[PDB]
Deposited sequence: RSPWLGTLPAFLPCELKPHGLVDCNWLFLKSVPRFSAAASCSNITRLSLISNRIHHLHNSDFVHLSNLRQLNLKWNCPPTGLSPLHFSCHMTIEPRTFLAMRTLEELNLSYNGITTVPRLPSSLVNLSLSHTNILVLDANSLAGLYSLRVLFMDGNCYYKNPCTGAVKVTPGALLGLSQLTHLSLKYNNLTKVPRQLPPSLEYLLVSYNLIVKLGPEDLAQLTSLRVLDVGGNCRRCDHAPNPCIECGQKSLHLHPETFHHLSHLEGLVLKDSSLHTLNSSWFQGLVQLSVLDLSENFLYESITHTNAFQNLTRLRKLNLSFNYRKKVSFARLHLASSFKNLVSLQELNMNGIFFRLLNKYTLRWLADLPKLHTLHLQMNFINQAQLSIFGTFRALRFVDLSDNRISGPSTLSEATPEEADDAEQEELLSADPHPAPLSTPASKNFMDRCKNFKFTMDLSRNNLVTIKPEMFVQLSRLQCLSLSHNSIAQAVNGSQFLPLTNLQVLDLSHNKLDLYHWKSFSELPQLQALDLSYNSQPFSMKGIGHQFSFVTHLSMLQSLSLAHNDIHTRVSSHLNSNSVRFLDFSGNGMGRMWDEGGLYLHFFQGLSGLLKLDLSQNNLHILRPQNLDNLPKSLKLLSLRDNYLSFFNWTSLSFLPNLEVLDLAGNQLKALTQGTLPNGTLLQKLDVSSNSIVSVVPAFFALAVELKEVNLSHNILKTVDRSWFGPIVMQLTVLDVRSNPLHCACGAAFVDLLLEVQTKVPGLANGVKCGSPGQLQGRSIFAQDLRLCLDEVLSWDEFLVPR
């Protein structure tokens, strides 16, 4: 009858996360479960018999059960994990242990990160010959401190003949552990105190695919958090350090205080696809160096935050990065962008992504991005661009350009010269105060998406955005305002499918009618539709002219009433309506006859005291009803009974003491969701709601533990299964 795995939830996974458990649950048969998650409980002691009932486990997560500062120490009996002979993955992270427990040989992945284990020797990982993955980060650093440092004894890991991944970050290491297994494909030793590297440190590691050695010589300028500055001026790299790494696909040297590069570092890495040079002092290097000469397979290059301690121009060697797909140049702080600055990138055949934000650019010739071969995304957000030189997804597929958070006060169509192939643009969070009239975006003949939110557009002109013949989505949200009429242009936008006028300063001379044959989605939330629909018949047909409209969002409009007339005069094509977060107290549910094709209705966050008015009227096509976070106290029988297509209903965060089956009739059997959490259910031993929820248990989210009682006081705040309610 009951779910078999109380107080946990069965996903062959069983989820016991965040249940304040102090011991491993014992729960018909527990011999078919293979995965158990106990994340962030209170288990502080583990014992030889704790997992005996879970003999066939393959995966075990115990993260955050006994967190070190920030105090907790975990005790583990010797035979604890041995009961699980087929155990493959074990996560022991964020637990105060000082030694690694005894483990079965079937182990494959192991996490020991953020513990108090300070020493790894040959005895620590005994019998783990099939171990492929070992993580142990953050055992000795400012958030999990230790006197001295973690010590990995030379050759301790050589028993792991199958090891591919090894991470030992934030451990205050001063050297790379010696004689590591040569089978390694991933080595991460970043953010220790390794101020010196050479071929000795990486000896015998010929199967390395990525290597992370960043943060070992940190500049700490404007560091928000406790940081250890490198004693020397820079990381010391022996010229032949990585020279024997013939499979190296990834190298990260971030925050290494590098002042110059050296071409010797890369000349052996003929598979190098990823290079992270961010957070060093290469401002002058990147402009002159020849190091990029033979990085032929290089796909990703991170140059971010290499700022000056002239005019920026990338080195000529960049023209050899024929495989380059992505370039990060954020936070470099060069105030001028021109035809030279990036010239050696233009002929690069596959360069699609260019990151150029947080650079304090106040002069930019955007035309240069029209000369590029395969550019798909250029981010110029958070800069100081103020004019011509002297919904965004758009993801992966559309020539997109982001000019968010700049200093545009006026749009002059000459700033878009050569950008005519742009399909998406964002000018949000500028300070554009300008009466749009149709002369601002002429070159943008192919623009499909335009984000102009958080500006100060005057929108009286009916010719607005008419020079954008392919415009499909327009975001004018959070726009702050004696001729024309507000929003008159919508009818003259032939292809507009999505529009947002959310949170706008609406004028008195706002148009009384919105029109379009193409608009399918309108966000009109955060406006004054309550004060507009109280003005009589003036705005009674405000939305009627949007023929074909499918989705309307009328959230946060301070609606206290919703007459049938206003409903009847919405487009008959409507399928989704959201009145979320209004002040609707009473509502005639039979008035949904006026929305014949309505499929989804969201009335969450209103004052619906009850569901009485009122009945879901046949033959509504309503599939989803959301009445969460009202203060519903009751519902009339057969309320949902006539909604033959009803699948989802959310009654959460109300104040029902029960949930009755007579509310639904035969419909409740087909419900896909029935969310009843956060209700003060009265858990008397008679209660029949438990018999109802149990009938549709799979369709009830958080049933096993998330649905709580509100009374009686001893069962309050506790699950409806805390005591067995079916006994009287």
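* **Deposited sequence positions missing from the model - stretches, numbered from 1, in order** => Comparing the full sequence with the modelled residues, the uncovered ranges come out as 1-6, 18-19, 36-38, 82-87, 327-330, 412-446, 538-542, 790-803.
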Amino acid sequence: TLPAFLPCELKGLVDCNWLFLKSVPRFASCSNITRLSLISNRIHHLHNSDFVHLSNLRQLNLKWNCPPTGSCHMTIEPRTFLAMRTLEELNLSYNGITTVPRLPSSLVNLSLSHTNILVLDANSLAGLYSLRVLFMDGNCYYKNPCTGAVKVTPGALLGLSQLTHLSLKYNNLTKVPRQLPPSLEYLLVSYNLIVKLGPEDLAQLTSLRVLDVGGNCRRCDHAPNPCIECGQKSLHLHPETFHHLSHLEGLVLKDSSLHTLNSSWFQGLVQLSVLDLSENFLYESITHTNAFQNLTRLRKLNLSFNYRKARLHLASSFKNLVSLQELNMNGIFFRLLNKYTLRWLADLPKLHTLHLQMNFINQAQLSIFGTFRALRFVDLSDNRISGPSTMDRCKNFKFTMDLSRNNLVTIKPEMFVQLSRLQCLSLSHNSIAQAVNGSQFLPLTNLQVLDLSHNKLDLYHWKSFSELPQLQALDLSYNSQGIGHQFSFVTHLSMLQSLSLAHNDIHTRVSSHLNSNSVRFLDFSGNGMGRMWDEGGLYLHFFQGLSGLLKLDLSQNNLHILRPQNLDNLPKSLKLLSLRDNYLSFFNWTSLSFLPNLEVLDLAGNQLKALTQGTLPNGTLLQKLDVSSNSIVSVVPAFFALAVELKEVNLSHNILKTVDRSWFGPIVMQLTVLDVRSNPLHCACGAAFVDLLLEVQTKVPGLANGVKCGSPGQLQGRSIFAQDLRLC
From here on, numbers count along this sequence of modelled residues.
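* Asked: Coordinates for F399 lacking in at least a third of the other PDB entries compared?
  -> Result for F399: never missing in the compared entries.
* Hey, does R308 show up as a hole in at least a third of the other compared models? -> Affirmative; at least a third of those entries omit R308.
* **Residue range whose averaged C-alpha B-factor is higher in the record, 420-428 or 216-224** => Result: 216-224.
* Taking the recorded C-alpha temperature factors, which stretch has the higher mean, 260-268 or 295-303? -> Mean B over CA atoms: larger for 260-268.
* **Given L312, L380, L546, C140, the residue at which the Cα B factor reaches its maximum** => Top of the list by C-alpha B-factor: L312.
* **Residue of maximum C-alpha B factor among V176, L163, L611, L168, per deposited coordinates** => Of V176, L163, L611, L168, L611 has the highest C-alpha B-factor.
* To do: State the tercile, meaning the lowest, middle or highest third, of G331 with respect to the CA B-factors recorded for its chain.
  => Middle third of the chain for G331's C-alpha B-factor.
* Asked: Can you tell me which third, lowest, middle or highest, the CA B-factor of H44 falls into for its chain?
  -> Its C-alpha B-factor, which the entry lists for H44, ranks in the lowest third among residues of this chain.
* To do: Give the position of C709 by CA B-factor within its chain, expressed as the lowest, middle or highest third.
  => Middle third by C-alpha B-factor.
* Asked: Comparing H682 with the other modelled residues of its chain, is its CA B-factor in the lowest, middle or highest third?
  -> Tercile = highest for this residue's CA B-factor.
* Record-listed C-alpha B factor of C16: chain third -> Lowest third.
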